């Protein structure tokens, strides 16, 4: 118990070291599923350390990433709602390539939970980035040219198997972002 509190503190400073500690002292089973659950529950865990671990390119951290995304439940959630839940569970790492890998795992899982919303996982992936960019455009003061809902609709044309997504869907997502910037954790 104070060994687990020691491991949690060690993980928060260095995720690789903390997991190495928890495994070595038989406090955490060494599987991607058990590690993904420990991260998903995140009890006494820092969300930047969670994100840093999930963002590593090592084949095993990638396995943990996919197992972590599998624990997320996105059924009957619109894309923004699902993004909010996902983006709250860990802090996105800084690197563009790490964010892309994490967003690919998110898009696949969103579509698995909501088949029929998007013709392909790639449409979901592309729209998820357009939503992230929209969140910055609307809420970051350095962006002076704020996109209107019509501009957001026009910018996303042709993404759904060559076609356009329903405007009701796009307007709803835009409205959600406009009314509430993504909560970004530390």
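Positions refer to the first chain, counted from 1.
*Asks:* Where do the C-alpha atoms have the higher mean temperature factor in this entry, in 111-119 or in 81-89?
*Replies:* Comparing 111-119 with 81-89, the higher mean C-alpha B-factor belongs to 111-119.
*Asks:* Please compare 151-159 with 125-133 and say which has the higher mean C-alpha temperature factor in the record.
*Replies:* Comparing 151-159 with 125-133, the higher average CA B-factor belongs to 151-159.
*Asks:* Take the CA temperature factors straight from the PDB entry and tell me which of 70, 56, 43, 33 peaks.
*Replies:* Of the candidates given, the C-alpha B-factor peaks at 43.
*Asks:* Which third, lowest, middle or highest, does the CA B-factor of residue 172 fall in along this chain?
*Replies:* According to the entry, residue 172 has a C-alpha B-factor in the chain's middle third.
*Asks:* Split into thirds by Cα B-factor across the chain's modelled residues, where does residue 63 land: lowest, middle or highest?
*Replies:* Within its chain, residue 63 is a lowest-third residue by C-alpha B-factor, going by the deposited values.
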